[PDB]
2 protein chains.
Amino acid sequence: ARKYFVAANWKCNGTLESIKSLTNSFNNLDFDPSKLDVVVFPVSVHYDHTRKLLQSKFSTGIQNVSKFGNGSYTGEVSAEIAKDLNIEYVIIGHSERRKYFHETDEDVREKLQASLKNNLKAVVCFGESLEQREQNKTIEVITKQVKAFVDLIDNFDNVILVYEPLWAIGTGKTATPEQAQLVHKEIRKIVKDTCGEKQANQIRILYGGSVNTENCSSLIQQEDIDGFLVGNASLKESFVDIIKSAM
Amino acid sequence: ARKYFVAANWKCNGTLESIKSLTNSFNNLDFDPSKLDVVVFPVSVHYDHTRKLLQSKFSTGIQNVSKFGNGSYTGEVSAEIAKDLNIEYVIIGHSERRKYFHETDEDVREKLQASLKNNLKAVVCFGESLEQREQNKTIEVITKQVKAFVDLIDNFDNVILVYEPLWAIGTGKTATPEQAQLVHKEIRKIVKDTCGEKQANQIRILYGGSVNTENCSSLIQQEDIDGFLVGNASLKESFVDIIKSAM
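Sequence order as written determines residue numbers, which begin from 1 on each chain and need not coincide with the entry numbering; residues that lack coordinates are not included. Chain labels run from A onward and ligand labels from 1 onward, assigned in the order the entries are written. The basis for every side-chain value is the complete set of heavy atoms in the structure, and neither hydrogens nor water enter the calculation. Residues with missing side-chain atoms are left out of burial classes, side-chain pairs and their counts.

Method of determination, as annotated in the archive: X-ray crystallography, at 1.40 Å resolution.

Structure below.
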């Protein structure tokens, strides 16, 4: 059976003091990291503070990684640098980077290639817009986005997919757990047909829409939903209840 | 006279071990930080390590900052976060970000605005390409780039300009100290035109082309060159000799 994976994407949020308070609350939750992956993704300049404050049962990662290696790339963090710091996970392709920073499918591919070369684990995000869903192109779009990078995956425990239902983010539309499940099953089929059945059955596919204490249980119970990449709710001490839903 | 300013742009380079050795070597240099500013710009995830290892005479900063404040901007570091950590300096508009990440003049303006609002000191980069220089567009280009942000400066000690001779970076062309001086003179005139004489005479304008232990004195001794944003040479223990040129 697939190991569930609950991730806190703190995005661009936090102070040293707020992180102290929050990590303390997180540490109070008793869970078994051999059975459940729980990963916190602080801002880069908060990583050291966050890693020192969280018990090892919490895995940690960063919210982006360079498509380039070491060298003359001012402002970038290479996979090689991340590995030297023992940063375990990277987020790649988050919708906010595709939107504000014009990150492309090819950028996602190059970031994944660099990450896997340097023995990092990657949380790779994709998903269709409102316009794309309205045009009945959900499968077309997700197939293209996944096929941009999927051949790079060698170990299907080390790459974790995230479906962001962008059609239901800031649009006034909401995704039901069943609607999420349908897309997750479609994603797993795409992996099966491009990689193989064993590979598809191994890979974690997380929901990256709006997750909170009220809907987490309904989402995690869906057959093809293996966890979540959680936004605003992961900034609250009640995030521990979201973790509990996957325990 | 203007206070000289010597900055190490480590770009995307370093390991925990190489930084330990390099900062230790830097610490052996006895300089007075009231007489010159010496600023180290490590990779974001190296900031805490670097700040801890460097003695208090060294100033520190980060290589980029967000145009957005706190919120849903995965992978970004806000000026508010930098303020909370007492990160003193930020680099804005580096050529590598304009090139690889399509950072625009408007982005530079907005990043400066966010930085100044949060009491961060900004090292703001600009400069013309080989094609632009060959078309005699140096002044036109630099005037436009400087005018994108210069009206925001409310304290001429807190913003530091950097001229990057992109025509002499990876092109096979070399900038002479004399050529660098003329551009710096041109830049200070633009600041005079837009902001006033006192303001122009106060602002540091650094050379951001290739600087090493051999050429550093020839550059800093020019009337309108107030220091440097140093690349490759700042990864070496001999960087102390570049600092010495400003002492």
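That was the structure; now back to the text.
Q: Provide a residue-level description of the overall build of chain A, including the pertinent values.
A: Helix numbers and strand numbers start at the N terminus; a helix is a DSSP run of H or I with at least 4 residues, a strand a run of E with at least 2. A tally of regular secondary structure across chain A gives 11 helices and 8 strands. Based on C-alpha atoms, the radius of gyration is set beside the globule rule, defined as 2.2 Å times the residue count to the power 0.38. Expected size for 247 residues packed as a compact globule is a radius of gyration near 18 Å; at 17 Å, chain A falls within 12% of this value. Pairs at least 24 residues apart make up 72% of the contacts formed inside chain A by residues separated by at least 6 positions. Any two residues whose heavy atoms approach within 4.5 Å are treated as being in contact.

Q: Tell me what's going on with the relation of the copies chain A and chain B, and back it up with residues and numbers.
A: Here the copies are laid over each other by least squares on the C-alpha atoms. In the superposition of chain A on chain B (RMSD 0.2 Å, axial shift 0.0 Å), the rotation amounts to 179 degrees. Look at the turn and shift together and you get a two-fold axis relating the two.

Q: Break down the layout of surface pockets for me, citing the residues and quoting the values.
A: Both site types are read off a 1 Å grid over the protein atoms alone. A 1.4 Å probe that fits but cannot get out defines a cavity, while an open set with protein on both sides within 12 Å along at least five of seven lines defines a pocket; lining residues have an atom within 4 Å of a point. Grid points are joined across faces, edges and corners, and a volume is the space filled by probe spheres set on the points. In this model, the second largest pocket occupies a volume close to 580 Å³. Along the walls of the second largest pocket sit 27 residues, with A:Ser72, B:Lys11, B:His94, B:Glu96 and B:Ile169 positioned nearest its centre. Taken together, the elements giving at least two residues each to the lining of the second largest pocket come down to helix 4 (95–100) and strand 8 (227–230) of chain B. With 4 residues, the single largest contributor to the lining of the second largest pocket is helix 4 of chain B. Side-chain classes are defined by residue name, with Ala, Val, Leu, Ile, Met, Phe, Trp, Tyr, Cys and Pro counting as nonpolar, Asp, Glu, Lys and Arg as charged, and the others, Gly among them, as polar. Here the lining of the second largest pocket is built from residues that sort into 11 nonpolar, 12 polar and 4 charged.

Q: Let's hear about the interface of chain A and chain B: which residues, and what values?
A: If you look at the interface, chain A gives 36 residues, while chain B gives 35 residues. Buried area, as used here, totals the accessible surface that two parts lose on assembly, with accessibility defined by a 1.4 Å probe and the loss added over both. For the pairing of chain A and chain B, the buried interface totals around 3300 Å² over both sides, and the portion due to carbon and sulfur atoms is 60%. When residues of chain A are sorted by the area they lose upon contact with chain B, A:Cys12, A:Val45 and A:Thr74 head the list and together hold 24% of the total. Across the salt bridge formed by B:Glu76 and A:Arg97, the nearest N and O atoms sit 2.9 Å from each other. Between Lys or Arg on one side and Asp or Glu on the other, a salt bridge is scored when a side-chain nitrogen of the former is within 4 Å of a carboxyl oxygen of the latter.

Q: Go over the packing of aromatic side chains, please, and point to the residues and values.
A: Pairs were defined over the aromatic rings of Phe, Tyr and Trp, the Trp ring being its six-membered one, requiring ring centres within 6.5 Å. Orientation was assigned from the angle between planes: stacked under 30 degrees, edge-to-face over 60, tilted for the rest. This structure, assessed with the given rule, holds 23 aromatic pairs over all chains. Each ring, one from A:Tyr100 and one from A:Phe101, has its centre 6.4 Å from the other, and the planes form 65 degrees; the classification is edge-to-face. Partly exposed residues are those whose accessible area sits between 20% and 50% of the maximum for their type, while under 20% is buried and over 50% is exposed, using a 1.4 Å probe and protein chains only. On the basis of relative accessibility, which here comes to 24%, the residue A:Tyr100 falls in the partly exposed class. A:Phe101 sits in the partly exposed class, given a relative accessible area of 26%. These aromatic residues form a ring-pair network of at least three members: A:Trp10, A:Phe26, A:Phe31, A:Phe58 and A:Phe239. Looking at A:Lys121, its charged tip hangs above the ring of A:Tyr89, at a distance of 5.9 Å from the centre. By definition here, charges over rings are those cases where NZ of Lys or CZ of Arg is within 6 Å of the ring centre and within 35 degrees of the ring normal. The ring of B:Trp167 is capped by B:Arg133, whose NZ or CZ atom sits 4.0 Å from the centre of that ring.

Q: Describe unusual backbone geometry, naming the residues involved and giving the relevant values.
A: Excluding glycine, residues mostly have negative phi values, and the peptide bonds linking residues are mostly trans. Positive phi is not limited to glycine here, since A:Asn136 has a value of about 65 degrees. Tracing the sequence through the fold places A:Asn136 in the loop between helix 6 (130–134) and helix 7 (138–147). Assessed through its relative accessible area of 72%, A:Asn136 is described here as exposed. Even without being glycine, B:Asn119 reaches a positive phi, approximately 60 degrees. Inspection of the secondary structure puts B:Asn119 in the loop between helix 5 (105–117) and strand 5 (121–126).

Q: An account of the pairing of strand 7 (residues 204–207) of chain A is requested, with residue identities and associated values reported.
A: Residues and elements named next belong to chain A. Taking every second residue as pointing to the same face, both faces of strand 7 are buried, with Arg 204 and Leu 206 on one and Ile 205 and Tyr 207 on the other. At least two bridges found by DSSP between two strands is the condition for calling them paired. Pairing between strand 6 (residues 159–163) and strand 7: 4 bridges, direction parallel. Across the sheet, the residue bridging to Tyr 163 is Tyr 207, located in strand 7.

Q: I'd like to hear about the UniProt feature "active site" in chain A, residue by residue, with values.
A: Under the UniProt annotation, "active site" lies at A:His94 and A:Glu164. Spanning 71 residues, the named residues form one tight spatial group whose C-alpha atoms are at most 8.4 Å apart. Looking at where A:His94 falls in the secondary structure, it is placed in the loop between strand 4 (89–92) and helix 4 (95–100). Once residues lying within four places of it in the same chain are set aside, the contact partners of A:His94 are A:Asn9, A:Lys11, A:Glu103, A:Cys125, A:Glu164, A:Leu229 and B:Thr74. Relative to the helices and strands, A:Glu164 is located in the loop between strand 6 and helix 8 (177–194). Overall, A:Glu164 belongs to the buried group, its relative accessible area being 4%. Excluding its chain neighbours within four sequence positions, the residues that come into contact with A:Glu164 are A:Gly93, A:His94, A:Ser95, A:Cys125, A:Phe126, A:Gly127, A:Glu128, A:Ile169 and A:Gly208. UniProt positions are given in the numbering used here, feature names are shortened, and annotations may be inferred rather than shown by experiment.

Q: Explain the nonpolar core to me, and be specific about the residues and the numbers.
A: Soluble globular proteins tend to pack their nonpolar side chains together in the buried interior. Grouped together as the largest cluster of nonpolar side chains are 72 residues, with contacts concentrated most on A:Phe26, A:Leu112, A:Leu161, A:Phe228 and A:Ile242. For this core, the element with the most residues is helix 8 of chain A, which contributes 5 residues. Take the buried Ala, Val, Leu, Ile, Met, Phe, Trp, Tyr and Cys residues and link them wherever side-chain atoms come within 4.5 Å; each set so joined is a nonpolar core. Formed by 43 residues, the second largest nonpolar core is a distinct cluster that contains B:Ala82, B:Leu161, B:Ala168 and B:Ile187.

Q: Please set out empty space enclosed by the protein residue by residue, giving values where relevant.
A: Reported here for the largest cavity is a volume of approximately 350 Å³. Along the wall of the largest cavity there are 23 residues; nearest its centre are A:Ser44, A:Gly75, A:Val77, B:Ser44 and B:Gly75. Taken together, the residues of the lining of the largest cavity sort by class into 9 nonpolar, 10 polar and 4 charged.

Q: Any details on the packing of helix 7 (residues 138–147) of chain B against helix 8 (residues 177–195) of chain B? Residues and values, ideally.
A: All names here are of chain B. Under this scheme, a helix contributes an axis fitted over its contacting stretch, all axes are lines through C-alpha atoms, and angles between N-to-C directions fall in the 0 to 180 degree range. Between helix 7 and helix 8, whose axes approach to 10 Å, the crossing angle comes to 45 degrees. Here helix 8 runs oblique to helix 7, going by the angle between their axes. Between helix 7 and helix 8 the crossing geometry is right-handed. Together, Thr 138, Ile 139, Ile 142, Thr 143, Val 146 and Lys 147 of helix 7 and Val 183, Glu 186, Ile 187, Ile 190 and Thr 194 of helix 8 make up the contact between the two elements. Residues of the contact of helix 7 with helix 8, tallied by class, amount to 6 nonpolar, 3 polar and 2 charged. Oblique is the label for any angle not under 35 degrees, not over 145, and not in the 65 to 115 range, which are roughly parallel, roughly antiparallel and roughly perpendicular in turn. We call a crossing left-handed when the near helix sits turned anticlockwise from the far one by less than a right angle, and right-handed when that turn is clockwise.

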